[PDB]
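[1] sequence first, structure after; it's an experimental one.
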Amino acid sequence: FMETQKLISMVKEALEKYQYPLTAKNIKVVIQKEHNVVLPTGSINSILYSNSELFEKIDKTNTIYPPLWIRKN
């Protein structure tokens, strides 16, 4: 587990607060103003893609890049 559950907790908190879809950079920058941390964006992508149960891309046609993400319904 280590510090990952912090990160998944942040990210949720970012998507909870801004009720439209977000890019992983959007989510990074939100996590950085709040909880005053400095994150790369790859660490968020790893979170986003490795937690299918929590997070999905809103566009399923592979047209939106960088992808927009939402809390799983």
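    In hand now; what should we look at? Numbering: from 1, shown residues only.

[2] list the helices and strands the longest helix belonging to the chain packs on?
    Across the chain, the longest stretch assigned as helix under DSSP state H is helix 4-17. If contacts are counted by 3 or more CB pairs under 8 Å, 6 or more residues apart in numbering; DSSP states H and E, helix 4-17 sits against helix 24-33, helix 42-50, strand 69-71. (C-beta placed from N, C-alpha, C; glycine too.)

[3] redo those as TSV? Include distance to residue 14 and mean neighbour count.
    Formatted as TSV, those follow (distance: least, CB to CB, whole Å; neighbours: other CB atoms under 10 Å):
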stretch	distance to residue 14	mean neighbour count
helix 24-33	4	18
helix 42-50	9	16
strand 69-71	10	18
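
[4] could you dump these to TSV with distance to residue 57?
    Below are the helices and strands packed on helix 4-17 laid out as TSV (distance: least, CB to CB, whole Å):
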stretch	distance to residue 57
helix 24-33	10
helix 42-50	8
strand 69-71	6
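
[5] with only the CA atoms kept, save stretch 51-58 in CSV.
    Coordinates of each C-alpha in stretch 51-58 appear next as CSV, following Å, rounded to 0.1, in the frame of the first residue of the first chain:
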residue,chain,number,x,y,z
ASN,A,51,-7.9,1.8,-10.6
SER,A,52,-10.6,0.8,-13.1
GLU,A,53,-13.2,0.4,-10.3
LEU,A,54,-12.8,4.1,-9.2
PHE,A,55,-12.0,6.0,-12.5
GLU,A,56,-12.9,5.9,-16.2
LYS,A,57,-12.2,8.1,-19.3
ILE,A,58,-15.5,9.8,-20.2
